[PDB]
Each structure stands twice: as structure tokens, then as C-alpha cells.
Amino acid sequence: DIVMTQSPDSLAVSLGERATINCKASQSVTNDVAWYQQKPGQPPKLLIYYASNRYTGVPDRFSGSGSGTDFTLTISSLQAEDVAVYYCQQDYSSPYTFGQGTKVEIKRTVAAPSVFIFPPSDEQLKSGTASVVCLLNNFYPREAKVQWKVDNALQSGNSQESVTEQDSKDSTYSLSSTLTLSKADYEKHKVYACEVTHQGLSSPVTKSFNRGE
């Protein structure tokens, strides 16, 4: 019933730059706030408690500040291991609400994806459904748009996306989109194309095949 709004929702900083998250409580909360760090898979870690006290073992990079309703976590010089989501939490009163979290990620030079397109296996067409798969691998930043078109017809409700975690070496993202349709629909139509829009692209790149080739 106290609401912890933190911003930004996503932070991208170069290796060794500073990192500022902050948190706004809906209601004066004194010094009674902790920050935590979570990484994919792992349970969370406590970094600061009581607004500005490093839990022993946590290194000097991390420091918290503020009291009342406006609080901030600082990361002096980001490092490879600091990529994670960062959460804010109040222990002032009845329900100890967390914030929604800030994703902190390594800034990288921009890079467009390499787009690849896969037609369905004859092996799958026997079961009576066709999955067409478009793969944009190794791009940064994550923000990417991808539209399916079957014979020039913008597809709408019939596909799904998935996205990797940022890469340890590359600091890049890969994405796949999968268009599902029936064997009939697949056999009636002819040109299957995905079209990708991204910062690093100077204008959209289409990858396409025609079924019968």
C-alpha cells in the first residue's frame, strides 16, 4: 500500500561508467529501504540496507542514499559482473513492497542483426502444421521490430518471439520469431518473408523464400 516506483526501467552504461538508479516511495519512508541485485536464474542478493549501509562483502562501487520519499543507488564504475536487474524495497510498513526493478546492461557500439530465414521441414509437414522461423542474431540494442508477410499480406496474430539474455563476451542480443500456420495455408501460398527494422539498419532488411523455390 506504499508504492515504490523506480526509474529508469532500463539503464545502459559503458564499461566503467557510472550507473544511477533511483526510487520514489509514495509516502515518506524514513531510512527503511534496501536494494537488491538479481541475475538470471540466481536468487537475489542484498546490497544496501537502511538506505545507505553496504552489506559486508558488497564492493565500494555500490552506494545508496536519500531518506524520506526519494532514494538512489549508484554504481561508480560498472563492471562485467554488475549486469543484472536492480530492485528497491521498503521495510517501513505493513506490506514490504518492492519496486518493479531496473535492468542494467552493458552499453555497446550499435550493431544490426544478421537475419536468417528457415522454411519448414518436410518432416514436420506430415503432422499438418508449418513453422517458418526468422532469426536475427547478434544485435544491439534489444529494441527490434519484426513483421511477417505471406505473399505481401502483413500477418498479425499468428507468430511468437523469444529473446536471449545479453551475451557474456559480445554484449549482444539474439531474437527468433516463429510464424505458425497450417499445412493447407502453407501449401496455398508461395512467398514467405520476414522483414526486420533496427537502429543499426539504415533501412529495413527483408529475408524471404518462395516455397517451391
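Quick note: we count residues from 1 along the sequence shown, nothing fancier.
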Comparing average C-alpha B factors as deposited, tell me which of 91-99 and 136-144 sits higher. 91-99
On mean Cα temperature factor in this entry, is 145-153 or 52-60 the higher one? 52-60
Among the choices 178, 38, 171, 28, identify the one whose CA B-factor in the record is greatest. 28
Highest Cα B-factor in the deposition, which of 46, 184, 163, 33? 184
Relative to the other modelled residues in the chain, which third contains the C-alpha temperature factor of residue 121: lowest, middle or highest? highest
Quick one: classify residue 129 as lowest, middle or highest third of the chain based on its Cα B-factor. highest
For residue 197, does the deposited CA B-factor place it in the lowest, middle or highest third of the chain? lowest
Would you check the entry's CA temperature factor for residue 205 and let me know if it's in the chain's lowest, middle or highest third? lowest
Position of residue 110 among the chain's modelled residues by C-alpha B-factor, lowest, middle or highest third: lowest
